[PDB]
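Content type mmCIF, C-alpha atoms; chains and numbers go by the auth columns, from the file structure37.cif:
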data_coords
#
loop_
_atom_site.group_PDB
_atom_site.id
_atom_site.type_symbol
_atom_site.label_atom_id
_atom_site.label_comp_id
_atom_site.label_asym_id
_atom_site.label_seq_id
_atom_site.Cartn_x
_atom_site.Cartn_y
_atom_site.Cartn_z
_atom_site.B_iso_or_equiv
_atom_site.auth_seq_id
_atom_site.auth_asym_id
ATOM 1 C CA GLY A 1 -7.301 25.316 -2.596 0.00 205 A
ATOM 2 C CA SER A 2 -10.513 26.269 -4.381 0.00 206 A
ATOM 3 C CA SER A 3 -11.956 23.623 -6.702 0.00 207 A
ATOM 4 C CA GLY A 4 -12.355 23.944 -10.459 0.00 208 A
ATOM 5 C CA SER A 5 -10.315 21.403 -12.408 0.00 209 A
ATOM 6 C CA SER A 6 -10.867 20.513 -16.065 0.00 210 A
ATOM 7 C CA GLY A 7 -8.483 17.699 -16.946 0.00 211 A
ATOM 8 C CA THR A 8 -4.981 16.856 -18.142 0.00 212 A
ATOM 9 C CA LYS A 9 -3.445 18.274 -21.319 0.00 213 A
ATOM 10 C CA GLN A 10 -0.987 15.386 -21.602 0.00 214 A
ATOM 11 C CA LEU A 11 -1.629 11.766 -20.625 0.00 215 A
ATOM 12 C CA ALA A 12 1.653 11.485 -18.725 0.00 216 A
ATOM 13 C CA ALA A 13 3.151 14.023 -16.322 0.00 217 A
ATOM 14 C CA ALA A 14 5.889 16.348 -17.573 0.00 218 A
ATOM 15 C CA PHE A 15 7.246 16.559 -14.026 0.00 219 A
ATOM 16 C CA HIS A 16 7.712 13.659 -11.608 0.00 220 A
ATOM 17 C CA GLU A 17 8.942 13.529 -8.010 0.00 221 A
ATOM 18 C CA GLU A 18 10.633 10.444 -6.566 0.00 222 A
ATOM 19 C CA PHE A 19 12.103 10.388 -3.056 0.00 223 A
ATOM 20 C CA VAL A 20 12.655 7.873 -0.256 0.00 224 A
ATOM 21 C CA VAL A 21 11.035 8.416 3.142 0.00 225 A
ATOM 22 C CA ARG A 22 12.156 6.776 6.385 0.00 226 A
ATOM 23 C CA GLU A 23 9.857 3.872 7.254 0.00 227 A
ATOM 24 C CA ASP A 24 9.803 5.449 10.715 0.00 228 A
ATOM 25 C CA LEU A 25 8.654 8.858 9.478 0.00 229 A
ATOM 26 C CA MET A 26 6.334 7.421 6.829 0.00 230 A
ATOM 27 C CA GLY A 27 3.585 6.805 9.367 0.00 231 A
ATOM 28 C CA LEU A 28 3.430 10.450 10.421 0.00 232 A
ATOM 29 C CA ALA A 29 4.078 11.612 6.858 0.00 233 A
ATOM 30 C CA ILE A 30 0.907 9.809 5.785 0.00 234 A
ATOM 31 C CA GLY A 31 -1.059 10.808 8.869 0.00 235 A
ATOM 32 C CA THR A 32 -4.245 9.162 10.117 0.00 236 A
ATOM 33 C CA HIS A 33 -6.349 6.902 7.897 0.00 237 A
ATOM 34 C CA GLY A 34 -4.288 8.168 4.975 0.00 238 A
ATOM 35 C CA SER A 35 -4.816 11.864 5.668 0.00 239 A
ATOM 36 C CA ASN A 36 -1.706 13.467 4.177 0.00 240 A
ATOM 37 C CA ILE A 37 -1.811 11.311 1.045 0.00 241 A
ATOM 38 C CA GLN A 38 -5.487 12.045 0.406 0.00 242 A
ATOM 39 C CA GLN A 39 -4.640 15.745 0.643 0.00 243 A
ATOM 40 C CA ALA A 40 -1.624 15.539 -1.665 0.00 244 A
ATOM 41 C CA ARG A 41 -3.915 13.970 -4.264 0.00 245 A
ATOM 42 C CA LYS A 42 -6.340 16.861 -3.780 0.00 246 A
ATOM 43 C CA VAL A 43 -3.667 19.140 -5.241 0.00 247 A
ATOM 44 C CA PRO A 44 -4.013 20.559 -8.778 0.00 248 A
ATOM 45 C CA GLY A 45 -1.557 19.666 -11.525 0.00 249 A
ATOM 46 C CA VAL A 46 -1.078 16.269 -9.897 0.00 250 A
ATOM 47 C CA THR A 47 -1.938 13.497 -12.353 0.00 251 A
ATOM 48 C CA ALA A 48 -1.449 10.642 -9.889 0.00 252 A
ATOM 49 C CA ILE A 49 0.360 9.593 -6.712 0.00 253 A
ATOM 50 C CA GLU A 50 1.982 6.192 -6.199 0.00 254 A
ATOM 51 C CA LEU A 51 3.865 4.853 -3.177 0.00 255 A
ATOM 52 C CA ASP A 52 6.461 2.079 -2.996 0.00 256 A
ATOM 53 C CA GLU A 53 6.416 0.133 0.272 0.00 257 A
ATOM 54 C CA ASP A 54 9.057 -2.367 -0.844 0.00 258 A
ATOM 55 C CA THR A 55 11.588 0.429 -0.361 0.00 259 A
ATOM 56 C CA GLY A 56 9.398 3.281 0.842 0.00 260 A
ATOM 57 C CA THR A 57 9.729 5.679 -2.082 0.00 261 A
ATOM 58 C CA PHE A 58 6.932 8.162 -2.773 0.00 262 A
ATOM 59 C CA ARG A 59 6.348 8.661 -6.499 0.00 263 A
ATOM 60 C CA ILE A 60 4.327 11.733 -7.465 0.00 264 A
ATOM 61 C CA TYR A 61 3.098 12.586 -10.962 0.00 265 A
ATOM 62 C CA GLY A 62 2.230 16.119 -12.031 0.00 266 A
ATOM 63 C CA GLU A 63 2.020 18.066 -15.282 0.00 267 A
ATOM 64 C CA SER A 64 4.122 20.764 -13.616 0.00 268 A
ATOM 65 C CA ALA A 65 6.821 20.499 -10.951 0.00 269 A
ATOM 66 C CA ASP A 66 4.921 23.225 -9.101 0.00 270 A
ATOM 67 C CA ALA A 67 2.085 20.754 -8.539 0.00 271 A
ATOM 68 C CA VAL A 68 3.978 17.613 -7.526 0.00 272 A
ATOM 69 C CA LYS A 69 6.055 19.940 -5.351 0.00 273 A
ATOM 70 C CA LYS A 70 3.132 21.426 -3.423 0.00 274 A
ATOM 71 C CA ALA A 71 1.742 17.926 -2.890 0.00 275 A
ATOM 72 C CA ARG A 72 5.150 16.465 -2.042 0.00 276 A
ATOM 73 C CA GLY A 73 5.246 18.627 1.073 0.00 277 A
ATOM 74 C CA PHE A 74 2.323 16.576 2.361 0.00 278 A
ATOM 75 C CA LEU A 75 4.077 13.253 1.765 0.00 279 A
ATOM 76 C CA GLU A 76 7.366 14.647 3.070 0.00 280 A
ATOM 77 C CA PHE A 77 8.553 13.188 6.377 0.00 281 A
ATOM 78 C CA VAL A 78 7.702 15.034 9.592 0.00 282 A
ATOM 79 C CA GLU A 79 9.637 15.108 12.865 0.00 283 A
ATOM 80 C CA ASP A 80 7.972 13.574 15.922 0.00 284 A
ATOM 81 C CA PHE A 81 5.640 16.301 17.185 0.00 285 A
ATOM 82 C CA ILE A 82 3.836 16.312 20.532 0.00 286 A
ATOM 83 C CA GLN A 83 0.783 18.571 20.716 0.00 287 A
ATOM 84 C CA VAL A 84 -1.277 18.330 23.904 0.00 288 A
ATOM 85 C CA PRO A 85 -4.981 19.289 23.969 0.00 289 A
ATOM 86 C CA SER A 86 -4.227 21.318 27.097 0.00 290 A
ATOM 87 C CA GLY A 87 -7.606 20.317 28.496 0.00 291 A
ATOM 88 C CA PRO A 88 -9.206 16.949 27.669 0.00 292 A
ATOM 89 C CA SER A 89 -12.906 17.783 27.375 0.00 293 A
ATOM 90 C CA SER A 90 -14.997 14.746 28.305 0.00 294 A
ATOM 91 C CA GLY A 91 -18.378 16.236 27.456 0.00 295 A
#
Would you mind writing the file's structure down as structure tokens?
Amino acid sequence: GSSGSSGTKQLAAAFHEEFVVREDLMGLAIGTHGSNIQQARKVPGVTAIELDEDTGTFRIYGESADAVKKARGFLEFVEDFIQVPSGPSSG
């Protein structure tokens, strides 16, 4: 995800993604201290990224579907995963 943006050709976004995520999966979908989201916004072609809590619908804005799509994967819901550190290092 090398950096090197310039700007937006059109004010609005030609492509827009709008989907509803389970309020139960949202948490994980977003990650810690807004990790996922932050990342999704770090994706090129993405003009902006809004989220609706009232219903829980993630609204992505990108000049090209390819962008909003790549970022969407980050906002997409994720099944409950359990990854153990297999060795809690104290220090």
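From CA of residue 229 (chain A) back to CA of residue 292 (chain A), the distance works out to 26.7 Å.
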Checklist entry - Just so the selection is clear, what residues does the PyMOL selection byres ((chain A and resi 240) around 12) cover here, as an MDAnalysis selection string? => result chainID A and resid 230:239 241:247 253 275:282
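Residue selection for this entry, given the PyMOL selection byres ((chain A and resi 219) around 9), comprises residues 216, 217, 218, 220, 221, 264, 265, 266, 267, 268, 269, 270, 271 and 272 of chain A.
A straight line drawn from CA of residue 288 (chain A) to CA of residue 260 (chain A) is 29.5 Å long.
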Next on the checklist: Quick check on the file I pasted: which residues fall under the PyMOL selection byres ((chain A and resi 259) around 10)? Write them as a VMD selection string.
Outcome noted: chain A and resid 224 to 227 255 to 258 260 to 262
Just the selected residues (C-alpha atoms), exported as a short mmCIF file (atom, residue, chain, number, x, y, z; two decimals), keeping the file's coordinate frame, please.
data_model
loop_
_atom_site.label_atom_id
_atom_site.label_comp_id
_atom_site.auth_asym_id
_atom_site.auth_seq_id
_atom_site.Cartn_x
_atom_site.Cartn_y
_atom_site.Cartn_z
CA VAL A 224 12.66 7.87 -0.26
CA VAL A 225 11.04 8.42 3.14
CA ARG A 226 12.16 6.78 6.38
CA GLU A 227 9.86 3.87 7.25
CA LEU A 255 3.86 4.85 -3.18
CA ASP A 256 6.46 2.08 -3.00
CA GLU A 257 6.42 0.13 0.27
CA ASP A 258 9.06 -2.37 -0.84
CA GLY A 260 9.40 3.28 0.84
CA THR A 261 9.73 5.68 -2.08
CA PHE A 262 6.93 8.16 -2.77
#
Checklist entry - What does the distance from CA of residue 283 (chain A) to CA of residue 254 (chain A) come to in Å, to one decimal? => result 22.4 Å
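Checking A:294, A:222, A:285, A:210 one by one against residue 248 (chain A), counting only C-alpha atoms, you find the shortest gap at A:210.
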